[PDB]
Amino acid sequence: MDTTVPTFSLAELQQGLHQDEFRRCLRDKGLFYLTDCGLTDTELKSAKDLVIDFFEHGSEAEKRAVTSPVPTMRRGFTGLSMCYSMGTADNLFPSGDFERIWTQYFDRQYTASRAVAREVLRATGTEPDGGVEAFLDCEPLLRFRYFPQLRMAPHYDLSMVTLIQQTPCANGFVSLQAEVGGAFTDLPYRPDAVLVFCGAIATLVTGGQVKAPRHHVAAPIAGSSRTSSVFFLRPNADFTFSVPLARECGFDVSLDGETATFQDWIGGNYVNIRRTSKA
């Protein structure tokens, strides 16, 4: 097949265009670039610049004030590489300036993620139990990471969708790759577009109409540092689904009875990514 990662305009999708091409991409690939969704490069770099300044020039005291007592990377700063995490509430901000910039940036990513999920649901004829808007008013997590100078083994996402913005390596190396058509397909930076991965919850809610592709990080050198902004659109704990339907599209569930929740399936802590089994 064409092993090309396609691009869709969110605006065009919302106008009812390219519906067969979109459905085919969802089923056969489960990833695409998304343009016209409110996510500019100029904005990514104002958020990026202020967090890198913090990473670079924040003192340990300032960093501690925005570090959670458990190192879960749910909110605030994590040093390991460095991460900054946020969600809809319970956020930890270094300063008023930072807060304004990152609140806006989060909001725009949450709006885009809901909007593309709405289009995934609509294109596949899917009405989640409890309706679309209650499904999308959910439990998102944003993680921004700086990586200094394959590096990560393949995994699939357990989100509904995952939105990824990157900055490129100064030396032009492309670190992110996904399985497409059996192949390793590069996923380069695009100043004009966000990368969308469908996750296993898209597969589940749509009754198997959406693929959750595996992806990894390649290793390359001088100028290979990079950043990423990873936005997970994750369902509420009480998201409810059919157990027999789950079994029909590949989920190896150990669930008694006919319906179950997300919490029943995953447990009491969110799990964002998953590897293939070695057994």
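Take the two forms, superpose them, and find the largest set of C-alpha atoms that agree within 1.5 Å; that set is the rigid core. Just count from 1 along the sequence shown to find any residue number.
Of the two stretches examined, 90-98 and 197-205, the one with higher mean CA deviation in 6 other deposited structures of this protein after a rigid core fit is 90-98. RMS Cα deviation from the shown model in 6 other deposited structures of this protein, rigid core fit, is larger for 244-252 than for the other stretch of the pair 57-65 / 244-252. Per the record, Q149 and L150 are separated by a gap of 10 or more residues from the deposited sequence that were not modelled.
According to the PDB entry, the deposited sequence contains 4 to 9 residues between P220 and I221 that lack coordinates.
Two stretches are in play, 200-208 and 90-98, and the higher mean C-alpha B-factor belongs to 90-98. For the pair 255-263 and 11-19, the mean Cα B-factor is higher in 11-19.
For the set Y105, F135, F77, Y189, the maximum C-alpha B-factor listed in the entry falls on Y189. Note on the listed residues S225, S68, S242, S228: the highest Cα temperature factor in the record is that of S225. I164: CA B factor lies in the lowest third for its chain, per the PDB record. In this PDB entry, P213 carries a Cα temperature factor that places it within the lowest third of its chain's modelled residues. Split the chain's modelled residues into thirds by C-alpha temperature factor. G30 is in the lowest one. When the modelled residues of the chain are ordered by their C-alpha B factor, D36 lands in the middle third. Compared with the other modelled residues of the chain, the Cα B-factor recorded for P235 ranks in the lowest third.
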